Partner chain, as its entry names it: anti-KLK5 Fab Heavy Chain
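There is one chain below, alone, in structure tokens, taken in the form deposited without the partner chain.
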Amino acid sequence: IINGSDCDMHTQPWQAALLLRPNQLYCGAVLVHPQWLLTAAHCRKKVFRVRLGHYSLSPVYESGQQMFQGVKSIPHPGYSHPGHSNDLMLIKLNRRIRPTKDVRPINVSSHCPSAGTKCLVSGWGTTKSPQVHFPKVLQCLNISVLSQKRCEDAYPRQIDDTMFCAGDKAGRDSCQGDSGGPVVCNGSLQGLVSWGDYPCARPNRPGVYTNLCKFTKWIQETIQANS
């Protein structure tokens, strides 16, 4: 997250980290059900461990942390790697979470956030771009939803309704390492960190996010079919 701030501790209880062996941050993810995560479908590598209720990037012990294994990883059937469309995937945890102040699911609303809506994006991705610099703790940044017309103008012939643009201010954006992390608007999960431009936070190059309001039926039906 470029030019965000340290999240307040215990404020993003739906934030997850997908780790590679032994505890290498791979992608962000979001707890959407007591036994399921959403992440970007481009976060394809086999996950070693899911880490929840944890603030720091390092493996330092935190009383609120909960570790899991992914047992199912279901990308949206419309995703076709390396294309950006339908950039979402459901991950089933090996067991249901233990509900705490640090570990709590967030719901996806079918209401699509409108242009100008203020949303919060979070992640442990680089805080600088092009220079790679990881933070010590979870970073939070407010970004505003752009109209689909302004999104199309920024990325001509690269945008469809499965995506939304957000983040109108130069110097502020999500970036590499933030992939699959949450975009929360008015208390509900409406986006996943998907893609954008390089270096991150360029003027007139907003971040591109998976438009989750378009997938509530798929999310609900897939969780139900795999229960």
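Throughout, rigid core stands for the largest set of C-alpha atoms superposing within 1.5 Å between the two forms. Numbering follows the first chain given and starts at 1.
Just so it is clear, the following notes concern the form deposited with the partner chain bound, a form of the same protein that is not shown.
Peer 1: Would you kindly say which of 154, 103, 106, 74 lies with a heavy atom within 4.5 Å of the partner chain in the deposited complex?
Peer 2: Here the answer is residue option 154.
Peer 1: If you check 98, 150, 95, 118 against the partner chain in the deposited complex, which one has a heavy atom within 4.5 Å?
Peer 2: Answer to the contact question: 150.
Peer 1: When the contact criterion is heavy atoms within 4.5 Å, does residue 159 count as touching the partner chain in the deposited complex?
Peer 2: It does: once the partner chain is placed as it appears in the deposited complex, residue 159 has a heavy atom within 4.5 Å of it.
Peer 1: Once everything's superposed on the core, is residue 158 shifted 2 Å or more at the Cα between this form and the one not shown?
Peer 2: Residue 158 C-alpha, core-superposed: shift of 2 Å or more.
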